[PDB]
Amino acid sequence: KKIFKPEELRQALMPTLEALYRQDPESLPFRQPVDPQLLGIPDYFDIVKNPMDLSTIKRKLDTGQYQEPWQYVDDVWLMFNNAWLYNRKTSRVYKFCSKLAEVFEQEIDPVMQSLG
Ligand SMILES: CCc1c(C(=O)NCc2cccc(Cl)c2)[nH]c(C)c1C(C)=O
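Judging from the entry metadata, X-ray crystallography is the method by which this structure was determined, and 1.6500 Å is the reported resolution.

The following block contains the structure:
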C-alpha cells in the first residue's frame, strides 16, 4: 500500500483544517472539545460516545497520528456527525456544522486527488 509521510499528510491536509478554522461564526463551537459541564449539557457524553473537535484533529495531525488521509477525513466527519446527532436541527451548532461540512467537502476533494 502507499505509505504517507507525516509531513506529507501535514502539508496536504493542514490547509483544509485551516479552511474550517477560518469560518466565522461557524467554526467557533468546534475549535475546542465540548465541555458539557461549562456548557450546561450534562447529557452530552451519554449521546456522543466519541467526541471530536478541530483542536484534537490539529493535534493529531501535528503528532503523526494519521497514517492515511482517510483517517483524517474520518475524524472531521466524526466531529460533524456528533454535532448533527446531538443538536436540534434549528440550533446554531447544527446549522454551523452543515456550513463547515460544505466548506470541507470543497477543500478536501482536490487535496485527495493530489494525495495518493
Ligand atoms: C451547543 C453546545 C456545543 C458547542 C459550543 O461551543 N457551545 C457554545 C457556543 C459558543 C459560541 C458559539 C456557539 Cl454557536 C456555541 N460546541 C459543540 C460542538 C456543541 C455540541 C453539543 O455539539
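Asks: Describe the overall build of the protein, with residues and values.
Replies: Counting secondary structure elements, the protein contains 5 helices and 0 strands. Relative to the compact-globule value of 13 Å for 116 residues, the protein shows a C-alpha radius of gyration of 14 Å, a close match. Within the protein, contacts between residues separated by at least 24 positions form 67% of all contacts whose residues are at least 6 apart in sequence.

Asks: Quick rundown of the pattern of salt bridges? Include the residues and the values.
Replies: Under the defined criterion, the tally for this structure stands at 5 salt bridges. Where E8 meets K2, a salt bridge forms, and the shortest distance between an N and an O atom there is 3.2 Å. Its relative accessible area of 28% is what places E8 among the partly exposed residues. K2 gets classed as partly exposed once you look at its relative accessible area, which sits at 40%. Between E26 and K99 there is a salt bridge, and its shortest N-O distance comes to 3.5 Å. Within this pair, whereas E26 is found in the loop between α1 (6-21) and α2 (44-47), its partner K99 is found in helix α5 (residues 92-114), the two being separated by 73 residues in sequence. On the basis of relative accessibility, which here comes to 13%, the residue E26 falls in the buried class.

Asks: Before we move on, could you go through the nonpolar core and cite the residues and values that matter?
Replies: Among the nonpolar cores identified, the biggest contains 29 residues, and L13, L20, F30, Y72, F80 and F104 are the most heavily contacted of them. In terms of residues, this core owes the most to one element, α5, which gives 8 residues. Residue contacts for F80: discarding those within four places in its chain leaves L20, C97, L100, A101 and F104.

Asks: Which residues make up the packing of α1 against α5, and what values go with them?
Replies: Running from N to C, α1 and α5 point in directions that differ by 160 degrees, and their axes come no closer than 9 Å. Here α5 runs roughly antiparallel to α1, going by the angle between their axes. Our pair here, α1 against α5, has a crossing hand that is right-handed. Packed against α1, whose contacting residues are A12, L13, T16, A19 and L20, the element α5 presents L100, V103, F104, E107, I108 and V111 at the interface. Here the residues of the contact of α1 with α5 are counted per class, giving 9 nonpolar, 1 polar and 1 charged.

Thresholds, definitions, all that
Residues numbered from 1 in each chain as written, not as in the entry; some residues may be left out. Heavy atoms only, no water. Residues with missing side-chain atoms left out of burial classes, pairs and counts. Helix = DSSP H or I, 4+ residues; strand = E, 2+ residues; numbered from the N terminus. Rg over C-alpha atoms; globule rule 2.2 N^0.38 Å. Contact = heavy atoms within 4.5 Å. Salt bridge = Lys/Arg side-chain N within 4 Å of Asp/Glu carboxyl O. Buried < 20%, exposed > 50% of the residue type's maximum accessible area, 1.4 Å probe, protein only. Core = buried A, V, L, I, M, F, W, Y, C linked by side-chain atoms within 4.5 Å. Axes fitted to C-alpha atoms, helices over the stretch in contact; angles between N-to-C directions. Parallel < 35°, antiparallel > 145°, perpendicular 65-115°, else oblique. Left-handed = near helix turned anticlockwise from the far one by under 90°. Nonpolar A, V, L, I, M, F, W, Y, C, P; charged D, E, K, R; others polar.

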